[PDB]
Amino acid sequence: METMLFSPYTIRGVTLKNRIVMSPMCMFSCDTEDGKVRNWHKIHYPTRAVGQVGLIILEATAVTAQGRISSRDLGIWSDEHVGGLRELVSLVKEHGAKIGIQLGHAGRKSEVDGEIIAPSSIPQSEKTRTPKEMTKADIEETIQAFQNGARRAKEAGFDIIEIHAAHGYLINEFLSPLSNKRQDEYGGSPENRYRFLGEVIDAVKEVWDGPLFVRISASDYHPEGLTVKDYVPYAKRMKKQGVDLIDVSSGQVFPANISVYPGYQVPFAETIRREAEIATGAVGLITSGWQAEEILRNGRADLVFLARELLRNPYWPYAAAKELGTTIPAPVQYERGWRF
């Protein structure tokens, strides 16, 4: 029973057992408000590894306390976070899943109390706070925080790191001309608006030589913002800097009313894959095994990412295999229930 959905995939000596990925999903469940792993996370993430998902990516994890979305986020801004993340790594990997971490900074979308920072002092909307415009010292300090976060992730035992450059947060605010009005070398041209992302990538590669992903918002959905043609030259540069895969999302940069439907972001993933010759991940209302097999076999992406479907059924790989008429290995404790 040949499917491509259940075939392995290798990225520089890390091999995933199938093409299914659990997409990063904030849980707002750090009840002690100090960034640390709690019981909620130690059941939530291993459930999907028992369910035979090949790669589990943690929710947006803040590289400074000021870069959290909410006070109940996970964090990696302290050497004290390494012990709890290491325990989580061990509980997921015992089931044969590999594990990744999404490194985040919320920028002008931070909801935490106190000062918040951004490339330019413009609020996201009339209902949100005006941020402080970063100085050159703030830029150097934030690039160093991403480096320190990557070192701690290596020390905890993660297999993959992803940089969050999407959905209107700090790095996306530097990339889009809707939010970046700067007059120094970090603004004022397509090359200068890339510079913050390029320096974050270079700083992570100084301490991390394993698989590296970047997640992007391929369109701003605005007449004066970016579209996928602007991201084709940016993806070519990321490949030269040693990024292995682009995880292709869209929007949340500007309030916009957009039409949503099955696979509505798949064309962005295939444009980047074919025009820049780099591996890609697809995401957005992917909910069935039949659908996912078509995406992979026609070369539209290399990995399929699922978020809301794995909140409804965390053992979706069993259901997807039945739909495709194939079989997969089961946890030995569940063999009497996993009949094909």
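Numbers follow the displayed sequence, beginning with 1.
Between 24 to 32 and 44 to 52, it is 24 to 32 that carries the larger average Cα temperature factor according to the deposited entry.
For the two regions 190 to 198 and 224 to 232, the entry's Cα B-factors average higher over 224 to 232. Across the residues 105, 215, 81, 181, the deposited record lists the maximum Cα B factor for 81. Per the PDB record, 122 has a higher Cα B-factor than any other of 97, 122, 246, 143. Sorting the modelled residues of the chain by their CA temperature factor places residue 273 in the lowest third. The PDB entry assigns residue 18 a C-alpha temperature factor belonging to the lowest third of its chain's modelled residues. Among the modelled residues of its chain, residue 112 has a C-alpha B-factor that falls in the highest third, as given in the PDB entry.
For residue 127, the recorded CA temperature factor ranks within the highest third of the chain's modelled residues. Looking at the C-alpha B-factors along this chain, the one for residue 325 belongs to the highest third.
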